[PDB]
Amino acid sequence: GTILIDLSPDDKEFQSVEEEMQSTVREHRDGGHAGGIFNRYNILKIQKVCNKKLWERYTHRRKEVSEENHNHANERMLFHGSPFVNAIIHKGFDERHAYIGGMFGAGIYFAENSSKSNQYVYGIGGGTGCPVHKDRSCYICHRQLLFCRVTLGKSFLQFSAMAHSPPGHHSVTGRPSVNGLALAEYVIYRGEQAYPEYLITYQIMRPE
Ligand SMILES: Cc1cccc2c(=O)[nH]c(-c3ccccc3)c(C)c12
Ligand SMILES: [Zn+2]
């Protein structure tokens, strides 16, 4: 039941999504090992993801969370990079997308930094890079990220140098305490707390 609608580069919705993507690139502690070396992206396409069932699932859950957190869903737009992007847009998020080895436990992880999500499009640590060239820094192969609507509710705050939510919390916020320039990462424990709203197709660009 999923359909993808292409946005025109002239549409302001295209433009505000491209801006979120480009403005949240940062340097990573691995020097680009996992996601490559770039300062910006070539955006090739942005598609709106429409699925009634998955949307209704998301909003039913968002209401429940809101009612348990002084009528505040604490909804964000966040990036998700995954080798399973094709499964997610058709079937939604679920426990198969849980990162068992994650620093904040076995949940589904989202980033404010697009370049953080970009590290995972070929799997943990960047796997072995693109299918065609086995290159984690490939400038040629087309990559995909999701920009998702994520309900955080009451988020447990964890400073930093499918499992359950910490009791009484709806999500976890991993806030980098050492790198002042890294933005936050978030973890949810219920697949129904995220909706994959935009599918963004892109290349990383070789710095000049
Ligand atoms: C740890 C983390 C922080 C911030 C963002 C992400 C992300 O976007 N994707 C993933 C991830 C998803 C599927 C398989 C492997 C990693 C992960 C793990 C992730
Ligand atoms: Zn390649």
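Heads up, residue numbers simply count up from 1 along the chain you see.
The way this entry was determined, per its header, is X-ray crystallography, 2.1 Å.
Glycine is no exception: its Cβ is also placed from the backbone N, Cα and C atoms.
Listed in Swiss-Prot:
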type: BINDING; residues: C130, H133, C138, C141; note: Zn(2+) binding site
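Annotated features, which come from Swiss-Prot, shown on the structure.
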residue: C130; record: Zn(2+) binding site; CB count, 10 Å: 20
residue: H133; record: Zn(2+) binding site; CB count, 10 Å: 13
residue: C138; record: Zn(2+) binding site; CB count, 10 Å: 18
residue: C141; record: Zn(2+) binding site; CB count, 10 Å: 15
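For the unresolved segment of 2 residues bounded by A161 and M162, the separation of the terminal Cα atoms comes to 24 Å. Listed in sequence order, the residues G129, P131, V132, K134, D135, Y139, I140 complete the 8 Å Cβ shell around the Zn(2+) site centroid, once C130, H133, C138, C141 themselves are left out.
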